[PDB]
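run_33.pdb, holding PDB, C-alpha atoms:
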MODEL        1
ATOM      1  CA  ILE A 244     -41.575  -1.259   3.410  1.00  0.00           C
ATOM      2  CA  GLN A 245     -41.824   1.792   5.721  1.00  0.00           C
ATOM      3  CA  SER A 246     -40.841   1.529   9.374  1.00  0.00           C
ATOM      4  CA  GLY A 247     -43.549   1.481  12.051  1.00  0.00           C
ATOM      5  CA  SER A 248     -42.348   4.881  13.334  1.00  0.00           C
ATOM      6  CA  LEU A 249     -42.529   6.793  10.054  1.00  0.00           C
ATOM      7  CA  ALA A 250     -46.113   8.002  10.298  1.00  0.00           C
ATOM      8  CA  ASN A 251     -45.714   9.071  13.946  1.00  0.00           C
ATOM      9  CA  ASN A 252     -42.578  11.051  13.080  1.00  0.00           C
ATOM     10  CA  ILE A 253     -44.342  12.823  10.216  1.00  0.00           C
ATOM     11  CA  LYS A 254     -47.346  13.672  12.407  1.00  0.00           C
ATOM     12  CA  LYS A 255     -44.997  15.121  15.067  1.00  0.00           C
ATOM     13  CA  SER A 256     -43.129  17.279  12.562  1.00  0.00           C
ATOM     14  CA  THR A 257     -43.268  21.031  12.587  1.00  0.00           C
ATOM     15  CA  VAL A 258     -42.310  21.336   8.905  1.00  0.00           C
ATOM     16  CA  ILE A 259     -41.022  19.112   6.158  1.00  0.00           C
ATOM     17  CA  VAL A 260     -38.602  20.481   3.561  1.00  0.00           C
ATOM     18  CA  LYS A 261     -38.177  18.776   0.189  1.00  0.00           C
ATOM     19  CA  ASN A 262     -36.114  19.127  -2.975  1.00  0.00           C
TER      20      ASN A 262
ATOM     21  CA  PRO B 263     -30.467  12.019  -4.605  1.00  0.00           C
ATOM     22  CA  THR B 264     -33.350  12.748  -6.970  1.00  0.00           C
ATOM     23  CA  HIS B 265     -35.793  13.075  -4.049  1.00  0.00           C
ATOM     24  CA  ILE B 266     -35.102  14.294  -0.529  1.00  0.00           C
ATOM     25  CA  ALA B 267     -37.433  14.962   2.414  1.00  0.00           C
ATOM     26  CA  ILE B 268     -36.291  16.298   5.808  1.00  0.00           C
ATOM     27  CA  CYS B 269     -38.637  16.336   8.808  1.00  0.00           C
ATOM     28  CA  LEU B 270     -37.914  19.097  11.288  1.00  0.00           C
ATOM     29  CA  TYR B 271     -39.204  19.281  14.820  1.00  0.00           C
ATOM     30  CA  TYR B 272     -39.117  22.319  17.085  1.00  0.00           C
ATOM     31  CA  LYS B 273     -40.889  22.729  20.412  1.00  0.00           C
ATOM     32  CA  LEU B 274     -40.092  25.762  22.527  1.00  0.00           C
ATOM     33  CA  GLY B 275     -38.548  24.656  25.830  1.00  0.00           C
ATOM     34  CA  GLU B 276     -37.793  21.118  24.650  1.00  0.00           C
ATOM     35  CA  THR B 277     -35.607  21.529  21.547  1.00  0.00           C
ATOM     36  CA  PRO B 278     -32.952  24.216  21.982  1.00  0.00           C
ATOM     37  CA  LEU B 279     -32.449  24.073  18.201  1.00  0.00           C
ATOM     38  CA  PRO B 280     -34.590  22.505  15.475  1.00  0.00           C
ATOM     39  CA  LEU B 281     -34.208  18.742  15.416  1.00  0.00           C
ATOM     40  CA  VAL B 282     -34.167  16.481  12.320  1.00  0.00           C
ATOM     41  CA  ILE B 283     -36.435  13.611  13.388  1.00  0.00           C
ATOM     42  CA  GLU B 284     -36.840  11.798  10.093  1.00  0.00           C
ATOM     43  CA  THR B 285     -35.277  11.870   6.645  1.00  0.00           C
ATOM     44  CA  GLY B 286     -35.656  10.068   3.366  1.00  0.00           C
ATOM     45  CA  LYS B 287     -34.320   9.858  -0.163  1.00  0.00           C
ATOM     46  CA  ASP B 288     -35.972   8.623  -3.325  1.00  0.00           C
ATOM     47  CA  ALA B 289     -38.922   6.249  -2.564  1.00  0.00           C
ATOM     48  CA  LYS B 290     -38.904   7.007   1.139  1.00  0.00           C
ATOM     49  CA  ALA B 291     -38.773  10.753   0.434  1.00  0.00           C
ATOM     50  CA  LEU B 292     -41.798  10.429  -1.792  1.00  0.00           C
ATOM     51  CA  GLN B 293     -43.603   8.503   0.923  1.00  0.00           C
ATOM     52  CA  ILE B 294     -42.810  11.209   3.496  1.00  0.00           C
ATOM     53  CA  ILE B 295     -44.120  13.935   1.171  1.00  0.00           C
ATOM     54  CA  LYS B 296     -47.357  12.065   0.439  1.00  0.00           C
ATOM     55  CA  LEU B 297     -48.016  11.151   4.059  1.00  0.00           C
ATOM     56  CA  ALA B 298     -47.286  14.746   5.120  1.00  0.00           C
ATOM     57  CA  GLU B 299     -50.128  15.978   2.958  1.00  0.00           C
ATOM     58  CA  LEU B 300     -52.388  13.235   4.303  1.00  0.00           C
ATOM     59  CA  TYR B 301     -51.621  14.374   7.866  1.00  0.00           C
ATOM     60  CA  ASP B 302     -51.789  18.151   7.145  1.00  0.00           C
ATOM     61  CA  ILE B 303     -48.093  18.752   7.911  1.00  0.00           C
ATOM     62  CA  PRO B 304     -46.618  21.740   6.052  1.00  0.00           C
ATOM     63  CA  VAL B 305     -44.275  20.782   3.209  1.00  0.00           C
ATOM     64  CA  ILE B 306     -41.989  23.450   1.720  1.00  0.00           C
ATOM     65  CA  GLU B 307     -40.043  23.044  -1.512  1.00  0.00           C
ATOM     66  CA  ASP B 308     -36.551  24.440  -0.935  1.00  0.00           C
ATOM     67  CA  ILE B 309     -34.067  22.587  -3.073  1.00  0.00           C
ATOM     68  CA  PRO B 310     -30.837  24.073  -1.713  1.00  0.00           C
ATOM     69  CA  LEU B 311     -31.852  23.823   1.943  1.00  0.00           C
ATOM     70  CA  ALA B 312     -33.215  20.254   1.660  1.00  0.00           C
ATOM     71  CA  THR B 313     -30.110  19.163  -0.203  1.00  0.00           C
ATOM     72  CA  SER B 314     -27.696  20.688   2.318  1.00  0.00           C
ATOM     73  CA  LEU B 315     -29.648  19.401   5.309  1.00  0.00           C
ATOM     74  CA  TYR B 316     -29.651  15.902   3.797  1.00  0.00           C
ATOM     75  CA  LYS B 317     -25.869  15.949   3.294  1.00  0.00           C
ATOM     76  CA  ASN B 318     -25.029  17.392   6.698  1.00  0.00           C
ATOM     77  CA  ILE B 319     -27.638  16.692   9.382  1.00  0.00           C
ATOM     78  CA  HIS B 320     -28.496  13.065  10.040  1.00  0.00           C
ATOM     79  CA  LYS B 321     -31.737  11.721  11.385  1.00  0.00           C
ATOM     80  CA  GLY B 322     -31.790  12.345  15.160  1.00  0.00           C
ATOM     81  CA  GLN B 323     -29.371  15.321  15.093  1.00  0.00           C
ATOM     82  CA  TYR B 324     -29.891  18.980  15.866  1.00  0.00           C
ATOM     83  CA  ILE B 325     -29.231  21.369  13.045  1.00  0.00           C
ATOM     84  CA  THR B 326     -25.879  23.179  13.158  1.00  0.00           C
ATOM     85  CA  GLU B 327     -25.039  26.903  13.042  1.00  0.00           C
ATOM     86  CA  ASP B 328     -24.988  27.265   9.264  1.00  0.00           C
ATOM     87  CA  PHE B 329     -28.665  26.222   9.244  1.00  0.00           C
ATOM     88  CA  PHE B 330     -30.001  28.311  12.129  1.00  0.00           C
ATOM     89  CA  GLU B 331     -31.259  31.288  10.141  1.00  0.00           C
ATOM     90  CA  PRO B 332     -32.610  29.462   7.064  1.00  0.00           C
ATOM     91  CA  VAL B 333     -34.434  26.893   9.181  1.00  0.00           C
ATOM     92  CA  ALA B 334     -35.838  29.536  11.560  1.00  0.00           C
ATOM     93  CA  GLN B 335     -37.257  31.281   8.443  1.00  0.00           C
ATOM     94  CA  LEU B 336     -38.657  28.009   7.139  1.00  0.00           C
ATOM     95  CA  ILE B 337     -40.418  27.391  10.446  1.00  0.00           C
ATOM     96  CA  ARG B 338     -41.956  30.865  10.521  1.00  0.00           C
ATOM     97  CA  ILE B 339     -43.276  30.429   6.953  1.00  0.00           C
ATOM     98  CA  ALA B 340     -44.776  27.083   8.060  1.00  0.00           C
ATOM     99  CA  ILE B 341     -46.140  28.497  11.347  1.00  0.00           C
ATOM    100  CA  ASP B 342     -47.533  31.590   9.567  1.00  0.00           C
ATOM    101  CA  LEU B 343     -49.884  29.265   7.613  1.00  0.00           C
TER     102      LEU B 343
ENDMDL
END
In structure tokens, write the structure found in this file.
Amino acid sequence: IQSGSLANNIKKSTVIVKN
Amino acid sequence: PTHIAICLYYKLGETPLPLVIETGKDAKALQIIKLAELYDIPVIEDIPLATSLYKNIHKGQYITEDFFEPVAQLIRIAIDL
């Protein structure tokens, strides 16, 4: 179960890099 | 891991270097990627860079010198959109 801060951290992000 | 997602944050004047604010592997990585799309956050597929960031830069840490150029490039691709 995701943490309460996950969505806020994503929304704040400049870019997300994935494999 | 099979899936990796690294969330980078840069704000001129606040972050002297790009900051890793969130990371995930496997199920959590997939959740980050799906929520990113939902929230209109740019997601770039870069297997080598994601893999090396995951191994070396922990959640809450600034990137280190080896990553300065590749991450700067990543940000400009994202910001150019």
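Evaluated on this file, the PyMOL selection byres ((chain B) within 6 of (chain A)) matches residues 266, 267, 268, 269, 270, 271, 304, 305, 306, 307, 308, 309 and 312 of chain B.
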Counting all atoms listed in the file, what is within 9 Å of residue 315 in chain B, bar same-chain residues fewer than 6 positions away, as a PyMOL selection string? chain B and resi 268+282+325+329
Atomic separation - CA of residue 285 in chain B relative to CA of residue 265 in chain B, Å: 10.8 Å
Using CA of residue 339 in chain B and CA of residue 287 in chain B as the two end points, give the distance in Å to one decimal. 23.5 Å
In Å, with one decimal, what is the gap from CA of residue 333 in chain B to CA of residue 280 in chain B? 7.7 Å
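Minimum atom-to-atom distances from B:316, B:284, B:295, B:302 to residue 340 in chain B were compared using only C-alpha atoms, and the lowest value belongs to B:302.
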Padding 6 Å on each side, edges along x, y and z: where is the centre of the box around the listed atoms of range 264-271 of chain B, and how long are its edges in Å to one decimal? Output it as lines of an AutoDock Vina configuration file.
center_x = -36.3
center_y = 16.0
center_z = 3.9
size_x = 17.9
size_y = 18.5
size_z = 33.8
Residues returned when the PyMOL selection byres ((chain B and resi 328) around 12) runs on this file, as an NGL selection string: :B and (311 or 314-315 or 318-319 or 324-327 or 329-334)
